[PDB]
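# I would like to see how this sequence folds:
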Amino acid sequence: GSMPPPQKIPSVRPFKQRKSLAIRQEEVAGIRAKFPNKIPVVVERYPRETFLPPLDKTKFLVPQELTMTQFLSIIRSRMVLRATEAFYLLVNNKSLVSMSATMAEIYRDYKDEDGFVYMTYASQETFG
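Numbers count the residues shown, from 1 in each chain. See below for the structure:
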């Protein structure tokens, strides 16, 4: 018969996370209420990127007064690989590294359906 191949077949629980749409709304609901000044961002590694390995943390609860540029510094610090290389932090896989943009603005603009802000990092887009 025609059995379709399932997409994305990893381990049962590769990460002790497993957040469903509902659970995402719940945690974000708790976070928003418990920490009004903090915003939960989720930083994922660029699927085409091979230079920069997965970071120590995937989820960052940072102050809304925090800027893209200072967050960039945090990301580079949270790298499991030592590198002072230049890299771009893209928001919603689209927005560029607006150094003057705060997490506050970013959240209100790029809030996802689950309430989190998803960011993607890579050394160089398209590499070059």
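
# how about whichever strand in the chain runs longest: buried residues?
Counting residues, the longest strand found in the chain (DSSP state E) is strand 38-45. The neighbour-count check on strand 38-45 (16 or more other CB atoms under 10 Å) flags 38-43 as buried. (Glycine included, C-beta is placed from N, CA and C.)

# Tell me the helices and strands packed up against whatever helix or strand comes next after it.
For strand 38-45, the following helix or strand on the C-terminal side (DSSP states H and E) is strand 59-63. Counting contacts by 3 or more CB pairs under 8 Å, 6 or more residues apart in numbering; DSSP states H and E, strand 59-63 packs against strand 38-45, helix 68-77.

# Could you pull out the buried residues of strand 59-63?
Applying 16+ other CB under 10 Å to strand 59-63 flags 60, 62 as buried.

# For the most centrally placed residue in the chain, which non-adjacent residue is spatially closest?
The residue lying closest to the centre of the chain (CA atoms, centre = their mean) is residue 43, at 1.8 Å. Leaving aside its sequence neighbours, residue 43 sits nearest to residue 119 (CB to CB, 6 or more residues apart in numbering; 4.7 Å).

# Now do the buried residues in stretch 92-103.
For stretch 92-103, a neighbour-count test (16+ other CB under 10 Å) marks 95, 97, 101-103 as buried.

# Switch those over to TSV; also include distance to residue 84 and secondary structure.
Shown next, in TSV, are the buried residues of stretch 92-103 (distance: CB to CB, whole Å; DSSP: H, G, I helix; E, B strand; the rest coil):
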residue	distance to residue 84	secondary structure
95	24	strand
97	16	coil
101	23	coil
102	25	strand
103	24	helix
